>>> print(open('data-v5.pdb').read())   # PDB, C-alpha atoms (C1' of nucleotides)
MODEL        1
ATOM      1  CA  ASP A1363      83.685 130.744 112.802  1.00  0.00           C
ATOM      2  CA  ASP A1364      86.182 128.120 111.614  1.00  0.00           C
ATOM      3  CA  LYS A1365      88.169 125.137 112.868  1.00  0.00           C
ATOM      4  CA  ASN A1366      90.378 125.701 115.906  1.00  0.00           C
ATOM      5  CA  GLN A1367      92.666 123.660 118.136  1.00  0.00           C
ATOM      6  CA  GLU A1368      90.430 124.416 121.129  1.00  0.00           C
ATOM      7  CA  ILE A1369      87.737 122.261 119.416  1.00  0.00           C
ATOM      8  CA  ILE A1370      85.079 123.975 121.554  1.00  0.00           C
ATOM      9  CA  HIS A1371      81.498 123.698 120.320  1.00  0.00           C
ATOM     10  CA  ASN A1372      79.885 126.954 119.143  1.00  0.00           C
ATOM     11  CA  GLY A1373      76.435 126.220 117.749  1.00  0.00           C
ATOM     12  CA  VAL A1374      72.832 125.283 118.417  1.00  0.00           C
ATOM     13  CA  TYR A1375      69.742 123.839 116.704  1.00  0.00           C
ATOM     14  CA  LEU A1376      69.390 121.398 113.756  1.00  0.00           C
ATOM     15  CA  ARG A1377      69.019 117.577 113.858  1.00  0.00           C
ATOM     16  CA  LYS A1378      66.412 115.456 115.642  1.00  0.00           C
ATOM     17  CA  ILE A1379      67.999 113.215 118.264  1.00  0.00           C
ATOM     18  CA  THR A1380      66.707 109.648 118.507  1.00  0.00           C
ATOM     19  CA  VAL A1381      65.869 108.689 122.082  1.00  0.00           C
ATOM     20  CA  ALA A1382      66.995 105.516 123.853  1.00  0.00           C
ATOM     21  CA  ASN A1383      63.288 104.716 124.293  1.00  0.00           C
ATOM     22  CA  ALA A1384      60.939 106.695 126.545  1.00  0.00           C
ATOM     23  CA  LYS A1385      58.541 106.025 129.404  1.00  0.00           C
ATOM     24  CA  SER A1386      55.451 107.045 127.398  1.00  0.00           C
ATOM     25  CA  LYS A1387      56.121 107.309 123.639  1.00  0.00           C
ATOM     26  CA  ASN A1388      59.100 106.366 121.471  1.00  0.00           C
ATOM     27  CA  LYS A1389      59.474 108.582 118.400  1.00  0.00           C
ATOM     28  CA  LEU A1390      61.849 111.121 116.812  1.00  0.00           C
ATOM     29  CA  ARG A1391      62.085 114.559 118.418  1.00  0.00           C
ATOM     30  CA  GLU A1392      64.125 117.686 117.715  1.00  0.00           C
ATOM     31  CA  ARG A1393      66.589 118.952 120.323  1.00  0.00           C
ATOM     32  CA  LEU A1394      68.940 121.943 120.437  1.00  0.00           C
ATOM     33  CA  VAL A1395      72.143 119.918 120.200  1.00  0.00           C
ATOM     34  CA  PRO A1396      75.423 121.867 120.443  1.00  0.00           C
ATOM     35  CA  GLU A1397      77.559 121.752 117.314  1.00  0.00           C
ATOM     36  CA  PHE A1398      80.983 122.849 116.102  1.00  0.00           C
ATOM     37  CA  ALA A1399      81.653 125.331 113.316  1.00  0.00           C
ATOM     38  CA  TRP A1400      81.764 123.958 109.785  1.00  0.00           C
ATOM     39  CA  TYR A1401      85.169 123.435 108.195  1.00  0.00           C
ATOM     40  CA  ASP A1402      84.356 125.546 105.116  1.00  0.00           C
ATOM     41  CA  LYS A1403      85.523 128.613 107.100  1.00  0.00           C
ATOM     42  CA  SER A1405      82.409 119.810  98.985  1.00  0.00           C
ATOM     43  CA  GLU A1406      82.772 121.629 102.323  1.00  0.00           C
ATOM     44  CA  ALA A1407      79.009 122.060 102.637  1.00  0.00           C
ATOM     45  CA  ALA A1408      77.933 119.437 105.225  1.00  0.00           C
ATOM     46  CA  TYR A1409      79.926 119.145 108.462  1.00  0.00           C
ATOM     47  CA  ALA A1410      79.167 119.184 112.191  1.00  0.00           C
ATOM     48  CA  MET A1411      80.209 117.716 115.542  1.00  0.00           C
TER      49      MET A1411
ATOM     50  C1'   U B   1     166.818  79.100 100.575  1.00  0.00           C
ATOM     51  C1'   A B   2     169.837  75.665  96.492  1.00  0.00           C
ATOM     52  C1'   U B   3     174.674  71.928  95.936  1.00  0.00           C
ATOM     53  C1'   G B   4     177.656  71.278  90.827  1.00  0.00           C
ATOM     54  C1'   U B   5     180.066  66.371  84.945  1.00  0.00           C
ATOM     55  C1'   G B   6     172.505  65.654  82.950  1.00  0.00           C
ATOM     56  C1'   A B   7     165.756  70.159  84.275  1.00  0.00           C
ATOM     57  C1'   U B   8     161.737  69.725  76.094  1.00  0.00           C
ATOM     58  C1'   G B   9     156.997  71.459  82.438  1.00  0.00           C
ATOM     59  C1'   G B  10     156.396  77.415  76.640  1.00  0.00           C
ATOM     60  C1'   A B  11     155.192  69.689  77.976  1.00  0.00           C
ATOM     61  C1'   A B  12     148.162  70.712  79.084  1.00  0.00           C
ATOM     62  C1'   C B  13     142.043  76.127  76.024  1.00  0.00           C
ATOM     63  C1'   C B  14     138.211  75.221  82.489  1.00  0.00           C
ATOM     64  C1'   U B  15     136.699  73.084  78.208  1.00  0.00           C
ATOM     65  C1'   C B  16     131.576  70.790  76.795  1.00  0.00           C
ATOM     66  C1'   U B  17     125.619  70.996  77.118  1.00  0.00           C
ATOM     67  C1'   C B  18     120.779  74.919  78.138  1.00  0.00           C
ATOM     68  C1'   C B  19     114.829  80.735  74.004  1.00  0.00           C
ATOM     69  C1'   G B  20     115.119  85.538  80.916  1.00  0.00           C
ATOM     70  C1'   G B  21     110.487  82.165  79.254  1.00  0.00           C
ATOM     71  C1'   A B  22     105.197  81.968  81.333  1.00  0.00           C
ATOM     72  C1'   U B  23      99.858  84.405  83.254  1.00  0.00           C
ATOM     73  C1'   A B  24      97.191  89.557  83.575  1.00  0.00           C
ATOM     74  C1'   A B  25      91.564  94.471  78.976  1.00  0.00           C
ATOM     75  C1'   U B  26      94.994 101.078  82.761  1.00  0.00           C
ATOM     76  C1'   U B  27      90.280  99.839  84.266  1.00  0.00           C
ATOM     77  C1'   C B  28      85.953 102.211  87.771  1.00  0.00           C
ATOM     78  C1'   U B  29      79.170 104.044  92.273  1.00  0.00           C
ATOM     79  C1'   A B  30      77.320 103.381  97.656  1.00  0.00           C
ATOM     80  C1'   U B  31      77.989 105.942 101.637  1.00  0.00           C
ATOM     81  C1'   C B  32      81.359 107.548 105.374  1.00  0.00           C
ATOM     82  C1'   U B  33      81.300 108.383 110.793  1.00  0.00           C
ATOM     83  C1'   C B  34      79.769 106.414 117.218  1.00  0.00           C
ATOM     84  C1'   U B  35      78.077 107.962 121.985  1.00  0.00           C
ATOM     85  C1'   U B  36      72.588 110.118 123.069  1.00  0.00           C
ATOM     86  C1'   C B  37      70.889 111.162 128.538  1.00  0.00           C
ATOM     87  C1'   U B  38      65.894 110.035 132.344  1.00  0.00           C
ATOM     88  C1'   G B  39      62.492 113.262 128.073  1.00  0.00           C
TER      89        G B  39
ENDMDL
END
>>> encode(input="data-v5.pdb", output="structure tokens")
Amino acid sequence: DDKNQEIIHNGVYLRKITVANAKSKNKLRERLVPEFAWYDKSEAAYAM
RNA sequence: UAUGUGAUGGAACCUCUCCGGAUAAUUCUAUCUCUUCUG
């Protein structure tokens, strides 16, 4: 995909979200965060 | 809009005095961006 005026997220996976602390253990963990299409349609690293 | 037997006003140089001057290498590396949902 490419950039659009609708700016609706179309993506999944990548990145490890940092938690705002946890009840048991506080450490980095990977989550399936939604993301927007890159703007490449050096235009090699972009997300939302 | 004068008044008459009498007008050198062509009868007078806006003249004189004062450095557009002083100071400045056309040079060059650390991020940028804020909301994530109990995890």
>>> interface_residues(input="data-v5.pdb", of="chain A", to="chain B", cutoff="8 Å", atoms="all atoms listed in the file", output="list in words")
residues 1379, 1380, 1381, 1382 and 1384 of chain A
>>> write_last_selection(input="data-v5.pdb", atoms="C-alpha atoms", output="PDB file, in the frame of the given file")
ATOM      1  CA  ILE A1379      67.999 113.215 118.264  1.00  0.00           C
ATOM      2  CA  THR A1380      66.707 109.648 118.507  1.00  0.00           C
ATOM      3  CA  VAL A1381      65.869 108.689 122.082  1.00  0.00           C
ATOM      4  CA  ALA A1382      66.995 105.516 123.853  1.00  0.00           C
ATOM      5  CA  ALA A1384      60.939 106.695 126.545  1.00  0.00           C
TER       6      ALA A1384
END
>>> atom_distance(input="data-v5.pdb", atom1="CA of residue 1378 (chain A)", atom2="CA of residue 1390 (chain A)")
6.4 Å
>>> closest_residue(input="data-v5.pdb", among="A:1364, A:1369, A:1377, A:1411", to="residue 1391 (chain A)", atoms="all atoms listed in the file")
A:1377
>>> residues_near_point(input="data-v5.pdb", point="(71.9, 120.3, 120.3)", cutoff="6 Å", atoms="only C-alpha atoms (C1' of nucleotides)", output="list in words")
residues 1374, 1375, 1393, 1394, 1395 and 1396 of chain A
>>> closest_residue(input="data-v5.pdb", among="A:1405, A:1386, A:1398, A:1392", to="residue 1368 (chain A)", atoms="all atoms listed in the file")
A:1398
>>> resolve_selection(input="data-v5.pdb", expression="the PyMOL selection byres ((chain A and resi 1365) around 8)", output="PyMOL selection string")
chain A and resi 1363-1364+1366-1367+1369+1399-1401+1403
>>> atom_distance(input="data-v5.pdb", atom1="CA of residue 1370 (chain A)", atom2="CA of residue 1407 (chain A)")
20.0 Å
>>> build_atoms(input="data-v5.pdb", residues="region 1388-1403 of chain A", atoms="N, CA and C atoms", output="PDB file, keeping the file's coordinate frame")
ATOM      1  N   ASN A1388      57.805 106.453 122.132  1.00  0.00           N
ATOM      2  CA  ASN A1388      59.100 106.366 121.471  1.00  0.00           C
ATOM      3  C   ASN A1388      58.975 106.830 120.025  1.00  0.00           C
ATOM      4  N   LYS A1389      59.508 108.018 119.744  1.00  0.00           N
ATOM      5  CA  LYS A1389      59.474 108.582 118.400  1.00  0.00           C
ATOM      6  C   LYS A1389      60.546 109.662 118.285  1.00  0.00           C
ATOM      7  N   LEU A1390      60.803 110.144 117.072  1.00  0.00           N
ATOM      8  CA  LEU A1390      61.849 111.121 116.812  1.00  0.00           C
ATOM      9  C   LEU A1390      61.411 112.489 117.315  1.00  0.00           C
ATOM     10  N   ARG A1391      62.358 113.233 117.884  1.00  0.00           N
ATOM     11  CA  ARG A1391      62.085 114.559 118.418  1.00  0.00           C
ATOM     12  C   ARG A1391      63.303 115.447 118.205  1.00  0.00           C
ATOM     13  N   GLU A1392      63.054 116.731 117.954  1.00  0.00           N
ATOM     14  CA  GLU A1392      64.125 117.686 117.715  1.00  0.00           C
ATOM     15  C   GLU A1392      64.629 118.272 119.029  1.00  0.00           C
ATOM     16  N   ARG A1393      65.950 118.386 119.146  1.00  0.00           N
ATOM     17  CA  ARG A1393      66.589 118.952 120.323  1.00  0.00           C
ATOM     18  C   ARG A1393      67.684 119.916 119.886  1.00  0.00           C
ATOM     19  N   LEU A1394      67.955 120.905 120.740  1.00  0.00           N
ATOM     20  CA  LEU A1394      68.940 121.943 120.437  1.00  0.00           C
ATOM     21  C   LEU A1394      70.326 121.417 120.808  1.00  0.00           C
ATOM     22  N   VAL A1395      70.847 120.552 119.950  1.00  0.00           N
ATOM     23  CA  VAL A1395      72.143 119.918 120.200  1.00  0.00           C
ATOM     24  C   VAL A1395      73.255 120.923 119.909  1.00  0.00           C
ATOM     25  N   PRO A1396      74.261 121.038 120.775  1.00  0.00           N
ATOM     26  CA  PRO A1396      75.423 121.867 120.443  1.00  0.00           C
ATOM     27  C   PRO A1396      76.200 121.277 119.278  1.00  0.00           C
ATOM     28  N   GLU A1397      76.824 122.161 118.502  1.00  0.00           N
ATOM     29  CA  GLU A1397      77.559 121.752 117.314  1.00  0.00           C
ATOM     30  C   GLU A1397      78.779 122.641 117.131  1.00  0.00           C
ATOM     31  N   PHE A1398      79.764 122.118 116.409  1.00  0.00           N
ATOM     32  CA  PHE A1398      80.983 122.849 116.102  1.00  0.00           C
ATOM     33  C   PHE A1398      80.857 123.543 114.750  1.00  0.00           C
ATOM     34  N   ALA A1399      81.681 124.570 114.557  1.00  0.00           N
ATOM     35  CA  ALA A1399      81.653 125.331 113.316  1.00  0.00           C
ATOM     36  C   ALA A1399      82.052 124.454 112.134  1.00  0.00           C
ATOM     37  N   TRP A1400      81.436 124.711 110.984  1.00  0.00           N
ATOM     38  CA  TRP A1400      81.764 123.958 109.785  1.00  0.00           C
ATOM     39  C   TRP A1400      83.187 124.272 109.331  1.00  0.00           C
ATOM     40  N   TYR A1401      83.778 123.321 108.612  1.00  0.00           N
ATOM     41  CA  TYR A1401      85.169 123.435 108.195  1.00  0.00           C
ATOM     42  C   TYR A1401      85.345 124.256 106.924  1.00  0.00           C
ATOM     43  N   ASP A1402      84.254 124.712 106.307  1.00  0.00           N
ATOM     44  CA  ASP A1402      84.356 125.546 105.116  1.00  0.00           C
ATOM     45  C   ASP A1402      84.915 126.931 105.414  1.00  0.00           C
ATOM     46  N   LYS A1403      84.968 127.327 106.685  1.00  0.00           N
ATOM     47  CA  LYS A1403      85.523 128.613 107.100  1.00  0.00           C
ATOM     48  C   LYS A1403      84.802 129.780 106.432  1.00  0.00           C
TER      49      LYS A1403
END
